[PDB]
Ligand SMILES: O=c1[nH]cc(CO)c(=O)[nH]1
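Below you'll find only one chain, the form solved without 5-hydroxymethyl uracil (HMU), shown as structure tokens.
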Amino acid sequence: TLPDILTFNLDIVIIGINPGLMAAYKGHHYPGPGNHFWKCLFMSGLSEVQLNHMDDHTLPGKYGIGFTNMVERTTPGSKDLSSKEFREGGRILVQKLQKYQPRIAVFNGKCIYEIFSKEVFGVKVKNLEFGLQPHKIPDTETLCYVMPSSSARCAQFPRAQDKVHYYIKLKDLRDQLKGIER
């Protein structure tokens, strides 16, 4: 099982379906170096240098970023999880975000949100795009922001430098949200 990385006062929280064999194994979030998470982060000026999964523990204090997932059971892939298993999941995730209250809940890939929505919000988001969504985290001021899966096991973009747009945008959205309190 893979450790959450959560503190108070976060800008961002990256949010997987649940940890995979590799990540269970290394004990850190997003080991590849195939997978694009860590490059995206560097690419987008979200991190000033280029880091890797070994540095995950530093992300809250130094970049105000943290990690977690709907499910905590570790499997090979989402296709191994029950519907049931996801319910108790986002139930427990809502409860976390109500506790930690970051500015923005960022979802890895349409897939995971698409669930959360027709679960937490009782609504099949039809025709979904990436980035800021209309609903806040229930009982919070936390935004949901949907991000193309960091997994290169994907159609596009996959390729770390085309998901950078969404990182830049996220980054700016963060930036916007700190000016509000001027």
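The numbering used is simple: start at 1 and walk along the sequence shown.
The discussion below concerns the form deposited with 5-hydroxymethyl uracil (HMU) bound, not included here.
- Within this chain, residue 150 lines the site of 5-hydroxymethyl uracil (HMU) in the deposited bound form, having a heavy atom no more than 4.5 Å away.
- Using a 4.5 angstroms threshold between heavy atoms, residue 116 stays clear of 5-hydroxymethyl uracil (HMU) in the deposited bound form.
- By the criterion of a heavy atom within 4.5 Å, residue 17 is counted among the residues contacting 5-hydroxymethyl uracil (HMU) in the deposited bound form.
- The closest non-hydrogen atom of residue 23 lies within 4.5 Å of 5-hydroxymethyl uracil (HMU) in the deposited bound form.
- Between 117 to 125, 52 to 60, 30 to 38, 132 to 140, the stretch whose residues reach within 4.5 angstroms of 5-hydroxymethyl uracil (HMU) in the deposited bound form through a non-hydrogen atom is 30 to 38.
- Using a 4.5 Å cut-off on any heavy atom, the one residue of 52 to 73 that reaches 5-hydroxymethyl uracil (HMU) in the deposited bound form is 69.
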